[PDB]
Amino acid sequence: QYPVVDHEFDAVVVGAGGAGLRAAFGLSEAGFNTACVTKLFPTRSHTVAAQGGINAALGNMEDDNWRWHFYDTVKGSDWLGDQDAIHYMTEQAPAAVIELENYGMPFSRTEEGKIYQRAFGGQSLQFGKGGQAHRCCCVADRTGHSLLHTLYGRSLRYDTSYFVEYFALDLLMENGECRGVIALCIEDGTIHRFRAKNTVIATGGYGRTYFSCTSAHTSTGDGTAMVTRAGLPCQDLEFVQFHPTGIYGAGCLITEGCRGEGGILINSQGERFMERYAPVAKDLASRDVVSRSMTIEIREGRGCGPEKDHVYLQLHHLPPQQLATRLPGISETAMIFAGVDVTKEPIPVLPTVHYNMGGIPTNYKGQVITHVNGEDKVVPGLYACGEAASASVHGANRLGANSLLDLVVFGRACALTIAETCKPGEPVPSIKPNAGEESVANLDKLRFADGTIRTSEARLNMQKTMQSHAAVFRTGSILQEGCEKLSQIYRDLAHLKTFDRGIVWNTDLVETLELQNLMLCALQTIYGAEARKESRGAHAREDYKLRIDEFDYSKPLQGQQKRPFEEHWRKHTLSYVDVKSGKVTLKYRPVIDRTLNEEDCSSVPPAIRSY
């Protein structure tokens, strides 16, 4: 019933954020005829809203070492991060940031003419014993805006065939190998099949699974669902980062750079309470510690404002020249969305869903992996990078200014791994003539949905269920109730009711297709949380408040019996969904503890985590 247009490229990228763009023209830079499919215009991607900056051991502000950034990221991940990927990311960090500046990125400058760097949460020198680090390269507080527009402008110099306002539906799988993607052209309502030897997924996160998030309306986890519908696993989806300072009301982000320049958090009695929760790092601890600290201050009765449901971020103690130079963007945002003059009054903030640590499991080369019988096997022809991917360089808690680094580092890695593995112009894999017809059938069904629950109502009950059942502090009984209610909502997706019977810019149908994707991500997030019976990073269980590793790393390892793999939790969660019934099946794979070179970068054993 729908006209089908078939395309054939050497590689197809799904996404136009930082990671998608960097991989898109990186492939054309390698002589590959590459297509870039994105449902938004590239500069509208959520990357444009990034503020804090991007980490790199440039050494512009003090003597730095990329191995110190490695240690910070490994400790930050609470030892759920694959150290081989963290090694690769932190060592390439100076080269990636220099590459962005050479592209024309207007970084803030120092008196020496080099890139300006600020302090950020959980960054230290001398392997955690040398004091606060300053390795967050930033364009004032509009870093992601300038990063995305610089990358987009750079991509205009290559033969990358762009497909803007195309909504990717599913992957074209055959014999465990990805043959490309099927998508819907929003402009003219036609279905498109993109055949390619290699496919990269860089579609962002799924922060919109909750009621309050700093994410954009378009961060719906569409590439995470395409993988799940393809029968492939997702990894660590229960680890959701709550940014400490999300503005009260609209949930907009107030950058962590505010605390890096001198901003502090105060409660209802004006106490800098982070001096009590983390005497060393204070307001610059890890985000999972700060978010849990702010939550306890509100829940115990020291909240700010009329309803006592938030706290204050104080910046008015800083000189006004520094605010206008370092934090101009949040100064205007705090006025528009909160009527606050940052030079006179603090900002009302509270922890808000921000970033998804979990996603599509990859190796350090960007290749999507599946796990069968304890052996990581690469999915041929499938790649992933950005927030949609689970390297996992972030483990159980991402350090601030590491995602923008992840974007450009592993976006380029996908292009590098393809350039060495394959040749441009090789015979494109032939798909069967009816490939993808089940995606079209699902689209036409939702286009004429006429049940009793409209798309806006089903999306709301999901967001409220996730918000009150998989929040900061979690418990077993509350997680089970959320699972039982989220499975019921998923079953009630058969009662969907849509009104727009069109096909050209049918955002009613598109937001329903995004709801199918959001539900698949939300199911694995709360089911992976109910099973994980420990506390690691952002996943804090009030009934299992301990971190359970293979050893008790708080005591001498000499004379300790190693816990079996099924008796500890230092391991990734692998989630599966039968999309018909909504059943969630969980598996587990070991955390990669080795690095790329022990002589160059020593592996950090698990230890007690404090700030």
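Residue numbers run from 1 along the displayed sequence.
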Query raised in the report: Of the two stretches 122 to 130 and 401 to 409, which shows the higher Cα B-factor on average in the entry?
Result: 122 to 130
Requested in this report: Take the C-alpha B-factors listed in the entry for 136 to 144 and for 288 to 296, compute each mean, and give the stretch with the larger one.
Outcome: 288 to 296
Query raised in the report: Which is it among 214, 362, 506, 452: the one with the largest CA B-factor in the entry?
Result: 452
Query raised in the report: Which one, 203, 477, 102, 209, has the peak C-alpha temperature factor per the PDB entry?
Result: 477
Report summary line: Here the Cα B-factor of residue 155, set against its chain, lands in the third termed lowest
Query raised in the report: What third of its chain's C-alpha B-factors does residue 28 belong to: lowest, middle or highest?
Result: middle
Report task. Pull the Cα B-factor of residue 283 out of the PDB entry and bin it into the chain's lowest, middle or highest third. Result -> highest
Report summary line: Among the modelled residues of its chain, the C-alpha B-factor of residue 108 falls in the third labelled lowest
Requested in this report: State the tercile, meaning the lowest, middle or highest third, of residue 79 with respect to the CA B-factors recorded for its chain.
Outcome: middle
